[PDB]
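Following this are structure 1 and structure 2, which are two forms of one protein chain, each written alone as structure tokens.
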Structure 1
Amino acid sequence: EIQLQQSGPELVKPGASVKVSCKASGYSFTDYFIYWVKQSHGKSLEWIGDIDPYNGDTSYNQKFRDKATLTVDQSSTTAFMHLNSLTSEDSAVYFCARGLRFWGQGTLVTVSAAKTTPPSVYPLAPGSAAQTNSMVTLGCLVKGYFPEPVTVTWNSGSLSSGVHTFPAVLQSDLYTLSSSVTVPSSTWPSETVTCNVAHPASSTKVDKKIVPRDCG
């Protein structure tokens, strides 16, 4: 089968450069043009350029001529996209493709000046005794970390239903997110509820127990 296998995620500072590889297999590499595509925001798509592998001939979106440089290696049957002078605007998922028909899996590129920072985890307990249909919603607030991702669990994965972990927002180079869990009033606070927050990039794992603070 035809495969296009791209290299892993890149995390670099502004002004740095990056070089993404695209390994092609299951057809004659030089017979088809390789295309490169930018996806911003997780949706919007832009053609960057394409390359003829038989000769080295390239063609660029004028928007990307001073940004991208496309090359190949006939032996490794691999196409490359080198991106220079990186800015925040360059953060995206970049795809290679045979024509615009068969697609690589994409490569996440993130550009940021931020240093690795594990999150602060704060418990979110209701301020009052009020119930709604014998349910309590509890939460944790995961604030000021870099880079993505964090993973949140509740009771070490024991509480999996009624959970919403929200996408992170960026404030001032750092990320924040929240997680809610809803359980019966009869289970909390008679039973402990704890959020578990792992941050692979700093190899930290933090627990925060939700402690009642209402007064009946």
Structure 2
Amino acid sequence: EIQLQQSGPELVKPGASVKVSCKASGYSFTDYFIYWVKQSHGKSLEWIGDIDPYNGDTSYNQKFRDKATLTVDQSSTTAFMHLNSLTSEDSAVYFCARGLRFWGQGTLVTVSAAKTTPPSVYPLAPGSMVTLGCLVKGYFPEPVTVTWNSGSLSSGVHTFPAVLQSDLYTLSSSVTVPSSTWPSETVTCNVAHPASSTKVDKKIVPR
């Protein structure tokens, strides 16, 4: 089986450097170039560069030629991409590939100055169907988990993807229930942030 096995996700500080690996197996390593590709929110897919594992020759996208350094280790049949001088714009999923045919699973690199930070959980109550929510503000790193009444409510629920508001993530979750049910019966959001060992239960109370 041709396989390209990439290293795990990284959390790295702005201005620092990171090195990600791509272990190749199931074919003769030096017979094929290895390619590196960046997938971001902002610039979609971009080719970074390639390397010839037999002689170490490299080619870069001129946008990335001073950001990225490609190398191989023949013996371990592994390709590496080193990124220097990191900034928020470098946050992305980085893929290695043989031939742009066989692909690694990707390595998420998140660049942030934030330390591990628990979310602040704020109730969202209104000023026949009533919509309530919870604002899960200013946490790092991902993820948080949100449920409502310990998972008893789901048909009316959705949780929005996290976004970067400052150097921290923020999201919100929404639940819609009949007006005859709330505030008659309690509705509580449950938020877990495993990185910080945080679990919070916030009851939504009428204003």
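We call the rigid core whatever largest set of C-alpha positions still superposes within 1.5 Å between the two forms. Counting starts at 1 with the first residue of structure 1 and goes up one by one along its sequence.
Peer 1: Superpose on the rigid core, then tell me if the C-alpha of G56 is displaced by 2 angstroms or more between structure 1 and structure 2.
Peer 2: Shift of 2 Å or more: no.
Peer 1: Rigid core fitted, then: does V150 show a CA shift of 2 angstroms or greater between structure 1 and structure 2?
Peer 2: No; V150 is a residue whose C-alpha shifts by less than 2 Å between structure 1 and structure 2 when the cores are overlaid.
Peer 1: Determine the rotation of the smaller rigid body against the larger one between structure 1 and structure 2 and give it in °.
Peer 2: From C-alpha superpositions, the smaller part turns by 13 degrees.
Peer 1: Could you check how much the CA of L83 shifts between structure 1 and structure 2 after a rigid core fit, in angstrom?
Peer 2: That residue's C-alpha is offset by 0.3 Å.
Peer 1: Taking the rigid core as the frame of reference, how far in Å is the Cα of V193 displaced between structure 1 and structure 2?
Peer 2: Value for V193 between structure 1 and structure 2: 3.9 Å of C-alpha shift.
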